[PDB]
Structures are given as structure tokens and as C-alpha cells.
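Just upload.txt here, compact mmCIF, N, CA and C atoms:
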```txt
# COMPACT_ATOMS: atom_id res chain seq x y z
N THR A 1 96.16 -68.20 180.23
CA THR A 1 95.62 -67.84 181.54
C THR A 1 94.97 -69.05 182.21
N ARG A 2 94.12 -69.77 181.48
CA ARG A 2 93.45 -70.94 182.05
C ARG A 2 94.46 -71.98 182.53
N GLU A 3 95.56 -72.11 181.78
CA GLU A 3 96.65 -73.00 182.16
C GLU A 3 97.43 -72.40 183.33
N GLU A 4 97.46 -71.08 183.40
CA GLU A 4 98.11 -70.40 184.52
C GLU A 4 97.28 -70.57 185.80
N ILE A 5 95.96 -70.47 185.67
CA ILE A 5 95.06 -70.63 186.81
C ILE A 5 95.25 -72.01 187.42
N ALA A 6 95.29 -73.05 186.59
CA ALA A 6 95.50 -74.40 187.08
C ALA A 6 96.87 -74.52 187.75
N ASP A 7 97.84 -73.75 187.28
CA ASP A 7 99.15 -73.73 187.90
C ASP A 7 99.05 -73.20 189.34
N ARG A 8 98.34 -72.09 189.54
CA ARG A 8 98.11 -71.55 190.89
C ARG A 8 97.35 -72.55 191.76
N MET A 9 96.30 -73.14 191.21
CA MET A 9 95.46 -74.04 191.99
C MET A 9 96.19 -75.30 192.44
N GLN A 10 97.31 -75.62 191.79
CA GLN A 10 98.11 -76.78 192.18
C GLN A 10 98.63 -76.63 193.61
N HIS A 11 98.96 -75.41 194.00
CA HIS A 11 99.53 -75.14 195.31
C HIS A 11 98.49 -74.74 196.35
N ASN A 12 97.26 -74.50 195.92
CA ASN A 12 96.20 -74.12 196.84
C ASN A 12 96.12 -75.16 197.96
N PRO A 13 96.16 -74.69 199.22
CA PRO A 13 96.18 -75.61 200.36
C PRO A 13 94.98 -76.55 200.41
N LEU A 14 93.77 -76.03 200.20
CA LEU A 14 92.60 -76.89 200.23
C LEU A 14 92.62 -77.91 199.08
N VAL A 15 93.06 -77.46 197.91
CA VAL A 15 93.07 -78.33 196.74
C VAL A 15 94.03 -79.48 196.98
N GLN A 16 95.22 -79.16 197.46
CA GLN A 16 96.21 -80.18 197.79
C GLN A 16 95.71 -81.14 198.85
N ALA A 17 95.15 -80.60 199.93
CA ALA A 17 94.69 -81.41 201.05
C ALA A 17 93.61 -82.41 200.62
N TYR A 18 92.64 -81.94 199.85
CA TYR A 18 91.58 -82.82 199.37
C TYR A 18 92.10 -83.84 198.35
N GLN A 19 93.02 -83.42 197.50
CA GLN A 19 93.65 -84.32 196.54
C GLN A 19 94.26 -85.51 197.28
N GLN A 20 95.10 -85.21 198.27
CA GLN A 20 95.68 -86.25 199.12
C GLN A 20 94.63 -87.11 199.81
N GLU A 21 93.52 -86.49 200.19
CA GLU A 21 92.41 -87.20 200.83
C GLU A 21 91.75 -88.19 199.87
N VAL A 22 91.48 -87.73 198.65
CA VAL A 22 90.93 -88.59 197.62
C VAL A 22 91.85 -89.80 197.40
N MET A 23 93.17 -89.58 197.33
CA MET A 23 94.07 -90.70 197.05
C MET A 23 94.05 -91.72 198.19
N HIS A 24 93.96 -91.22 199.42
CA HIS A 24 93.90 -92.12 200.57
C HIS A 24 92.69 -93.04 200.45
N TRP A 25 91.53 -92.46 200.19
CA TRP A 25 90.33 -93.25 200.16
C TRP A 25 90.24 -94.09 198.88
N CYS A 26 90.91 -93.68 197.79
CA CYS A 26 90.98 -94.54 196.60
C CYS A 26 91.72 -95.82 196.95
N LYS A 27 92.81 -95.68 197.69
CA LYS A 27 93.56 -96.85 198.15
C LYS A 27 92.65 -97.80 198.94
N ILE A 28 91.78 -97.25 199.77
CA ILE A 28 90.90 -98.08 200.59
C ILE A 28 89.72 -98.67 199.81
N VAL A 29 89.09 -97.86 198.97
CA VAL A 29 87.91 -98.31 198.24
C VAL A 29 88.29 -99.20 197.04
N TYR A 30 89.37 -98.83 196.36
CA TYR A 30 89.76 -99.48 195.12
C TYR A 30 91.01 -100.35 195.23
N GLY A 31 91.74 -100.24 196.33
CA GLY A 31 93.01 -100.95 196.45
C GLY A 31 94.16 -100.26 195.74
N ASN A 32 93.93 -99.03 195.27
CA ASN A 32 94.93 -98.31 194.50
C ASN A 32 94.74 -96.79 194.62
N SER A 33 95.74 -96.11 195.16
CA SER A 33 95.57 -94.70 195.49
C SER A 33 95.59 -93.79 194.26
N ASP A 34 96.08 -94.32 193.14
CA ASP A 34 96.30 -93.50 191.95
C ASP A 34 95.14 -93.47 190.98
N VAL A 35 94.09 -94.21 191.29
CA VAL A 35 93.03 -94.46 190.33
C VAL A 35 92.38 -93.18 189.80
N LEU A 36 92.25 -92.17 190.66
CA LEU A 36 91.64 -90.92 190.22
C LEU A 36 92.65 -89.79 190.00
N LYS A 37 93.94 -90.11 190.05
CA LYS A 37 94.94 -89.04 189.98
C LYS A 37 94.86 -88.23 188.69
N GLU A 38 94.80 -88.94 187.57
CA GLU A 38 94.72 -88.31 186.25
C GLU A 38 93.48 -87.42 186.12
N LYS A 39 92.33 -87.93 186.53
CA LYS A 39 91.09 -87.18 186.41
C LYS A 39 91.08 -85.96 187.32
N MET A 40 91.73 -86.04 188.47
CA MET A 40 91.80 -84.89 189.35
C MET A 40 92.67 -83.80 188.72
N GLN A 41 93.72 -84.20 188.01
CA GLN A 41 94.55 -83.25 187.28
C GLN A 41 93.72 -82.62 186.17
N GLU A 42 92.89 -83.43 185.53
CA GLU A 42 92.08 -82.93 184.43
C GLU A 42 91.09 -81.89 184.91
N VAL A 43 90.56 -82.09 186.12
CA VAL A 43 89.62 -81.15 186.68
C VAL A 43 90.29 -79.79 186.94
N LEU A 44 91.55 -79.77 187.36
CA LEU A 44 92.26 -78.50 187.50
C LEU A 44 92.23 -77.70 186.20
N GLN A 45 92.43 -78.36 185.07
CA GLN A 45 92.42 -77.67 183.78
C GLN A 45 91.02 -77.23 183.38
N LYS A 46 90.00 -77.98 183.79
CA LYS A 46 88.62 -77.60 183.49
C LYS A 46 87.69 -77.90 184.67
N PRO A 47 87.62 -76.97 185.63
CA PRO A 47 86.85 -77.15 186.88
C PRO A 47 85.39 -77.55 186.65
N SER A 48 84.84 -77.14 185.51
CA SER A 48 83.45 -77.41 185.18
C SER A 48 83.17 -78.91 185.02
N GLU A 49 84.22 -79.72 184.91
CA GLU A 49 84.05 -81.17 184.82
C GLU A 49 84.14 -81.83 186.19
N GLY A 50 84.40 -81.04 187.22
CA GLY A 50 84.49 -81.59 188.56
C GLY A 50 83.18 -82.21 189.03
N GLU A 51 82.07 -81.55 188.74
CA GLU A 51 80.77 -82.08 189.15
C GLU A 51 80.55 -83.45 188.52
N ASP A 52 80.93 -83.60 187.26
CA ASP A 52 80.78 -84.86 186.57
C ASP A 52 81.60 -85.95 187.25
N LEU A 53 82.87 -85.67 187.52
CA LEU A 53 83.73 -86.63 188.18
C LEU A 53 83.12 -87.06 189.52
N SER A 54 82.60 -86.09 190.26
CA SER A 54 81.98 -86.39 191.53
C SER A 54 80.79 -87.34 191.40
N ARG A 55 79.90 -87.07 190.45
CA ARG A 55 78.72 -87.89 190.30
C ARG A 55 79.11 -89.29 189.82
N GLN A 56 80.05 -89.38 188.89
CA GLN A 56 80.43 -90.68 188.35
C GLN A 56 80.91 -91.60 189.47
N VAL A 57 81.76 -91.08 190.35
CA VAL A 57 82.28 -91.94 191.40
C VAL A 57 81.19 -92.27 192.40
N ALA A 58 80.31 -91.31 192.70
CA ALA A 58 79.31 -91.54 193.72
C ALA A 58 78.21 -92.44 193.22
N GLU A 59 77.86 -92.32 191.95
CA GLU A 59 76.71 -93.10 191.51
C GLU A 59 77.11 -94.26 190.61
N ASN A 60 78.38 -94.34 190.25
CA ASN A 60 78.82 -95.52 189.53
C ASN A 60 80.26 -95.84 189.84
N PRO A 61 80.55 -96.19 191.10
CA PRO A 61 81.94 -96.31 191.53
C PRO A 61 82.75 -97.39 190.78
N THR A 62 82.11 -98.47 190.33
CA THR A 62 82.84 -99.54 189.66
C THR A 62 83.13 -99.22 188.18
N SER A 63 82.62 -98.10 187.69
CA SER A 63 82.97 -97.64 186.34
C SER A 63 84.40 -97.12 186.32
N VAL A 64 84.96 -96.93 187.50
CA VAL A 64 86.28 -96.35 187.64
C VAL A 64 87.33 -97.45 187.87
N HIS A 65 87.01 -98.44 188.68
CA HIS A 65 87.97 -99.45 189.10
C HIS A 65 87.18 -100.48 189.89
N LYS A 66 87.69 -101.70 190.02
CA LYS A 66 86.99 -102.68 190.85
C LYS A 66 87.19 -102.36 192.34
N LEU A 67 86.21 -102.76 193.14
CA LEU A 67 86.29 -102.58 194.59
C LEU A 67 87.37 -103.46 195.16
N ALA A 68 88.13 -102.95 196.12
CA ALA A 68 89.11 -103.79 196.80
C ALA A 68 88.45 -105.01 197.45
N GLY A 69 89.24 -106.06 197.63
CA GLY A 69 88.76 -107.29 198.22
C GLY A 69 87.71 -108.01 197.40
N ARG A 70 86.94 -108.86 198.07
CA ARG A 70 86.00 -109.76 197.40
C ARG A 70 84.74 -109.93 198.23
N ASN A 71 83.62 -110.12 197.54
CA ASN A 71 82.36 -110.49 198.18
C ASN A 71 81.96 -111.87 197.68
N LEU A 72 82.14 -112.87 198.53
CA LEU A 72 81.90 -114.25 198.16
C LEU A 72 80.55 -114.70 198.66
N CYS A 73 79.56 -114.57 197.79
CA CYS A 73 78.19 -114.98 198.09
C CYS A 73 77.67 -114.34 199.37
N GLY A 74 78.17 -113.15 199.70
CA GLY A 74 77.73 -112.48 200.91
C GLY A 74 78.81 -112.39 201.97
N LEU A 75 79.84 -113.22 201.84
CA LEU A 75 80.95 -113.14 202.78
C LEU A 75 81.95 -112.12 202.27
N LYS A 76 82.07 -110.99 202.96
CA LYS A 76 82.98 -109.94 202.53
C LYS A 76 84.34 -110.11 203.20
N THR A 77 85.41 -110.08 202.42
CA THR A 77 86.74 -110.15 203.00
C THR A 77 87.01 -108.83 203.69
N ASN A 78 88.07 -108.75 204.48
CA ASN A 78 88.34 -107.54 205.24
C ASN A 78 88.52 -106.33 204.34
N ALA A 79 89.28 -106.51 203.26
CA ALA A 79 89.56 -105.40 202.34
C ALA A 79 88.26 -104.84 201.75
N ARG A 80 87.30 -105.72 201.46
CA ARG A 80 86.02 -105.30 200.90
C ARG A 80 85.17 -104.58 201.94
N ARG A 81 85.19 -105.07 203.17
CA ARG A 81 84.44 -104.44 204.23
C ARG A 81 84.99 -103.02 204.43
N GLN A 82 86.31 -102.88 204.44
CA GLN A 82 86.89 -101.55 204.55
C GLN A 82 86.57 -100.69 203.34
N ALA A 83 86.54 -101.29 202.15
CA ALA A 83 86.16 -100.54 200.96
C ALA A 83 84.75 -99.98 201.09
N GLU A 84 83.80 -100.82 201.51
CA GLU A 84 82.41 -100.38 201.63
C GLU A 84 82.26 -99.27 202.65
N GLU A 85 82.95 -99.43 203.77
CA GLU A 85 82.94 -98.46 204.86
C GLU A 85 83.55 -97.14 204.40
N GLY A 86 84.60 -97.23 203.59
CA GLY A 86 85.28 -96.04 203.12
C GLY A 86 84.64 -95.32 201.95
N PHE A 87 83.68 -95.97 201.27
CA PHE A 87 83.08 -95.38 200.08
C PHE A 87 82.50 -93.98 200.33
N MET A 88 81.75 -93.82 201.43
CA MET A 88 81.16 -92.53 201.80
C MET A 88 82.22 -91.46 201.97
N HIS A 89 83.33 -91.83 202.58
CA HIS A 89 84.40 -90.88 202.80
C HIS A 89 85.06 -90.51 201.48
N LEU A 90 85.08 -91.45 200.54
CA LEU A 90 85.71 -91.18 199.26
C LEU A 90 84.86 -90.15 198.52
N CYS A 91 83.54 -90.33 198.56
CA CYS A 91 82.62 -89.39 197.93
C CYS A 91 82.71 -87.97 198.53
N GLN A 92 82.76 -87.89 199.86
CA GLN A 92 82.97 -86.62 200.56
C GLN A 92 84.28 -85.97 200.16
N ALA A 93 85.37 -86.74 200.18
CA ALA A 93 86.68 -86.20 199.85
C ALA A 93 86.68 -85.65 198.43
N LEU A 94 86.00 -86.36 197.54
CA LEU A 94 85.94 -85.97 196.13
C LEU A 94 85.07 -84.74 195.90
N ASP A 95 83.93 -84.70 196.57
CA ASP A 95 83.10 -83.50 196.62
C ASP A 95 83.90 -82.31 197.12
N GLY A 96 84.64 -82.54 198.20
CA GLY A 96 85.51 -81.52 198.77
C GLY A 96 86.56 -81.04 197.77
N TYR A 97 87.21 -81.99 197.09
CA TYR A 97 88.19 -81.63 196.07
C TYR A 97 87.60 -80.78 194.95
N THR A 98 86.51 -81.24 194.34
CA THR A 98 85.99 -80.57 193.16
C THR A 98 85.35 -79.22 193.52
N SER A 99 84.74 -79.14 194.70
CA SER A 99 84.24 -77.84 195.17
C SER A 99 85.39 -76.88 195.47
N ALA A 100 86.48 -77.38 196.05
CA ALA A 100 87.61 -76.52 196.36
C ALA A 100 88.26 -75.99 195.08
N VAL A 101 88.35 -76.85 194.07
CA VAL A 101 88.87 -76.44 192.77
C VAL A 101 87.99 -75.36 192.14
N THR A 102 86.69 -75.59 192.15
CA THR A 102 85.75 -74.61 191.62
C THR A 102 85.83 -73.31 192.43
N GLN A 103 85.91 -73.44 193.74
CA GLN A 103 85.96 -72.28 194.63
C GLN A 103 87.25 -71.50 194.44
N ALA A 104 88.33 -72.19 194.08
CA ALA A 104 89.62 -71.53 193.92
C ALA A 104 89.67 -70.78 192.61
N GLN A 105 89.12 -71.39 191.55
CA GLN A 105 89.08 -70.76 190.23
C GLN A 105 88.32 -69.46 190.31
N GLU A 106 87.21 -69.49 191.04
CA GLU A 106 86.38 -68.32 191.17
C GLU A 106 87.14 -67.22 191.89
N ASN A 107 87.81 -67.53 193.00
CA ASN A 107 88.35 -66.43 193.79
C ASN A 107 89.65 -65.91 193.14
N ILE A 108 90.28 -66.73 192.30
CA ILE A 108 91.41 -66.23 191.51
C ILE A 108 90.88 -65.27 190.44
N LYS A 109 89.78 -65.62 189.78
CA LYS A 109 89.16 -64.72 188.80
C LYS A 109 88.58 -63.48 189.45
N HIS A 110 88.08 -63.62 190.68
CA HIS A 110 87.48 -62.47 191.36
C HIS A 110 88.55 -61.49 191.81
N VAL A 111 89.56 -61.99 192.51
CA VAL A 111 90.58 -61.10 193.06
C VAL A 111 91.97 -61.73 192.91
N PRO A 112 92.54 -61.64 191.69
CA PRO A 112 93.86 -62.20 191.36
C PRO A 112 95.00 -61.62 192.20
N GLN A 113 94.88 -60.35 192.57
CA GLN A 113 95.88 -59.69 193.40
C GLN A 113 96.06 -60.42 194.73
N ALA A 114 94.95 -60.88 195.31
CA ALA A 114 94.99 -61.67 196.54
C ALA A 114 95.71 -63.02 196.36
N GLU A 115 95.52 -63.67 195.22
CA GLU A 115 96.22 -64.93 194.97
C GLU A 115 97.72 -64.68 194.78
N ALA A 116 98.05 -63.54 194.19
CA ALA A 116 99.44 -63.15 193.99
C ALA A 116 100.16 -62.98 195.32
N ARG A 117 99.40 -62.75 196.39
CA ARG A 117 99.98 -62.45 197.68
C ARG A 117 100.07 -63.70 198.56
N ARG A 118 99.57 -64.81 198.06
CA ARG A 118 99.53 -66.04 198.85
C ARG A 118 100.93 -66.61 199.07
N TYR A 119 101.70 -66.68 198.00
CA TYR A 119 103.06 -67.22 198.03
C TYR A 119 103.06 -68.67 198.51
N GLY A 120 101.91 -69.34 198.40
CA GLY A 120 101.76 -70.72 198.84
C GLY A 120 100.43 -71.35 198.48
```
Since I need it in another form, could you write the structure as C-alpha cells?
Amino acid sequence: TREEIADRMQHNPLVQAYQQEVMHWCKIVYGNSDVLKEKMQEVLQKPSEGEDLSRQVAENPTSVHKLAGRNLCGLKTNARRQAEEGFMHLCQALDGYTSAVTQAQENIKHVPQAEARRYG
């Protein structure tokens, strides 16, 4: 069932939309859109780890990947300036993703008949 729930949540519109959003901002902040792909899949299997993933990126972003571009003694290259600017959006997108996953798991457990009727 838990594996089935994650199967349903794969197609959830909000889950998909935020997932794509996270990848966009990973590309900007980290220079690589795939950096959080695996962990986002892992959160589908265990939504309770979503909060952890969110905090790790927000409070220790370089534990995940190096920041795009370079900061040379205070001179930020364009890619780095865009990374810094995009960091807030990456955290929002990720908060959005993990909350949507948690919110989806709950409403599937609350009213499965309604999820059966989604067909999308």
C-alpha cells in the first residue's frame, strides 16, 4: 500500500509541478537540475522525511552540491549571482514539494475513493 500510495502521488498535479520547480531552481542554484531528483523520489516513498530534506537544503545548501559559478574574493560571477538570487526560490519550491507530498498522502489515506476518481 505504501508503495501504491507513492505510485498515485507520482501523478498528483501539485507534486509533479513542484518537482519540476525544484529541478529548475536546482539548475540555477547548483548548476545541475538533477541534484535533488533522487531525494525527491525518496520522499514519495516516505513523506515523513520531506521536512528533513527541506531543512537540509535551506540551512545547509552546500551539503548537497556546490553553488553554481564562483565568488572570487567578493567578485561574484554571473552564474553565482543568479544562484544566490535563486536560493530563496529553491527553498520555497522545495517546501512546496514536500508539503504537497505530505498533503497528498494524507488525503489519499483520508478519502481513497476520491483519489480513485482523479484519473490524473
Selection: 7 Å around residue 81 of chain A, only N, CA and C atoms, excl. self and same-chain fewer than 4 positions, as an MDAnalysis selection string:
chainID A and resid 68:70 76:77 85:86
Considering all atoms listed in the file, can you say which of A:34, A:3, A:47, A:28 comes closest to residue 105 of chain A?
A:47
For the contact check between segment 26-114 of chain A and segment 12-16 of chain A, emit one row per residue of segment 26-114 of chain A within 6.5 Å, containing the shortest atom pair and the distance in Å rounded to one decimal, counting all atoms listed in the file, chain then rising number order, as a tab-separated table.
```
residue	atom	partner	partner_atom	distance
A:97	CA	A:15	CA	5.9
A:100	C	A:15	CA	5.6
A:101	N	A:15	CA	5.6
```
Only N, CA and C atoms, please: the residues just picked out, written as a JSON list (two decimals), in the frame of the given file.
```json
[["chain", "number", "residue", "atom", "x", "y", "z"],
["A", 97, "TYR", "N", 87.21, -81.99, 197.09],
["A", 97, "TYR", "CA", 88.19, -81.63, 196.07],
["A", 97, "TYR", "C", 87.60, -80.78, 194.95],
["A", 100, "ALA", "N", 86.48, -77.38, 196.05],
["A", 100, "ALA", "CA", 87.61, -76.52, 196.36],
["A", 100, "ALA", "C", 88.26, -75.99, 195.08],
["A", 101, "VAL", "N", 88.35, -76.85, 194.07],
["A", 101, "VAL", "CA", 88.87, -76.44, 192.77],
["A", 101, "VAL", "C", 87.99, -75.36, 192.14]]
```
Which of chain A fall in strand (DSSP E), as a ChimeraX atom specification:
/A:71-72,75-76
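Distance check against residue 31 of chain A using only N, CA and C atoms: of A:108, A:89, A:72, A:66, the minimum falls on A:66.
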Selection: 8 Å around segment 56-60 of chain A, only N, CA and C atoms, excl. self and same-chain fewer than 4 positions, as an mmCIF file with N, CA and C atoms, in the coordinates of the input:
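Final file, part07.cif:
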```cif
data_model
loop_
_atom_site.group_PDB
_atom_site.id
_atom_site.type_symbol
_atom_site.label_atom_id
_atom_site.label_comp_id
_atom_site.auth_asym_id
_atom_site.auth_seq_id
_atom_site.Cartn_x
_atom_site.Cartn_y
_atom_site.Cartn_z
ATOM 1 N N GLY A 50 84.400 -81.040 187.220
ATOM 2 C CA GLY A 50 84.490 -81.590 188.560
ATOM 3 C C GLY A 50 83.180 -82.210 189.030
ATOM 4 N N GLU A 51 82.070 -81.550 188.740
ATOM 5 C CA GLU A 51 80.770 -82.080 189.150
ATOM 6 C C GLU A 51 80.550 -83.450 188.520
ATOM 7 N N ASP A 52 80.930 -83.600 187.260
ATOM 8 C CA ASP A 52 80.780 -84.860 186.570
ATOM 9 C C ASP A 52 81.600 -85.950 187.250
ATOM 10 N N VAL A 64 84.960 -96.930 187.500
ATOM 11 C CA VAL A 64 86.280 -96.350 187.640
ATOM 12 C C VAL A 64 87.330 -97.450 187.870
ATOM 13 N N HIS A 65 87.010 -98.440 188.680
ATOM 14 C CA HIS A 65 87.970 -99.450 189.100
ATOM 15 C C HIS A 65 87.180 -100.480 189.890
ATOM 16 N N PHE A 87 83.680 -95.970 201.270
ATOM 17 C CA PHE A 87 83.080 -95.380 200.080
ATOM 18 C C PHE A 87 82.500 -93.980 200.330
ATOM 19 N N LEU A 90 85.080 -91.450 200.540
ATOM 20 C CA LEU A 90 85.710 -91.180 199.260
ATOM 21 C C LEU A 90 84.860 -90.150 198.520
ATOM 22 N N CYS A 91 83.540 -90.330 198.560
ATOM 23 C CA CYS A 91 82.620 -89.390 197.930
ATOM 24 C C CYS A 91 82.710 -87.970 198.530
ATOM 25 N N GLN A 92 82.760 -87.890 199.860
ATOM 26 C CA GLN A 92 82.970 -86.620 200.560
ATOM 27 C C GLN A 92 84.280 -85.970 200.160
#
```
Let's see if you can do this: from backbone DSSP, list all helix (DSSP H, G or I) residues in segment 14-106 of chain A, as a PyMOL selection string.
chain A and resi 14-30+37-45+47-59+61-63+78-106
Provide an axis-aligned box for all listed atoms of segment 79-90 of chain A, padding each side by 4 Å; report its centre and its edge lengths in Å to one decimal, as lines of an AutoDock Vina configuration file.
```
center_x = 85.4
center_y = -98.3
center_z = 201.7
size_x = 16.4
size_y = 24.4
size_z = 14.3
```
Report as a list in words all protein, DNA and RNA residues lying within 7 Å of residue 36 of chain A, evaluated on all atoms listed in the file, omitting residues in the same chain fewer than 4 positions from it.
residues 23, 26, 32, 40 and 41 of chain A
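Comparing A:61, A:88, A:9, A:22 by their smallest distance to residue 37 of chain A, the closest is A:22 (using only N, CA and C atoms).
Restricting the calculation to only C-alpha atoms, the smallest distance between residue 84 of chain A and any of A:63, A:111, A:25, A:39 is found for A:25.
For the residues A:19, A:1, A:82, A:98, ranking by smallest atom-to-atom distance to residue 67 of chain A using only C-alpha atoms places A:82 first.
For the set A:96, A:8, A:48, A:80, the residue with the smallest atom-to-atom gap to residue 20 of chain A is A:96, counting only C-alpha atoms.
Note that atom N of residue 30 of chain A and atom CA of residue 18 of chain A are 16.4 Å apart.
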